[PDB]
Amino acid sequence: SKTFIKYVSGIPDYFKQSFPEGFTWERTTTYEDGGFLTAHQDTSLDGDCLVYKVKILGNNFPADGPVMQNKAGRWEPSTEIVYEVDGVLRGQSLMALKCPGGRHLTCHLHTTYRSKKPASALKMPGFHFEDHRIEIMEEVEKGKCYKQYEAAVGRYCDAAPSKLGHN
């Protein structure tokens, strides 16, 4: 839901620039215990409302693992690196699912974001980070209804500055 990012430091906003047409994204997430989760998404604007259409294919999750046992804890916050490739945007991130027994089950996201505007109508962002805080606020109904919060920030590495004038 990439329209909702706070960009700082003058970083161009690939997602907001893509309206009214919208954008798509495609992703494969690899889990360290063998699962894969692949998704495709279309984002459009219907009058005043953003509309998402999502297709998902997941496989190879171990039967005895936290995911298929439904014995996961929560996502740590994560940081994605985002940069231009092939005239569109690539993202990658490591995410970590806290799980019972002091375990972290990690995964690696490989994403392509594709504006529906031509690349010539767009101001492309340089390499940067996108922090994502994703929280399940409540499991309203076991296995049937969830509430999920996200806060996201697009930024450079401000904590450890360059000595060469680099972002």
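For every residue, the number given is its place in the sequence shown, counted from 1.
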137-145 versus 122-130 - greater average Cα B-factor per the deposited record: 137-145
Stretch exceeding the other in mean C-alpha B-factor - 44-52, 29-37: 44-52
Chain-wide C-alpha B factor ranking for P20, given as lowest, middle or highest third: highest
Relative C-alpha B-factor of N60, binned into the chain's lowest, middle or highest third: lowest
Within-chain third of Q69 by Cα B-factor, per the entry: highest
Record-listed C-alpha B factor of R114: chain third: middle
Third of the chain, ranked by Cα B-factor, where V88 sits: middle
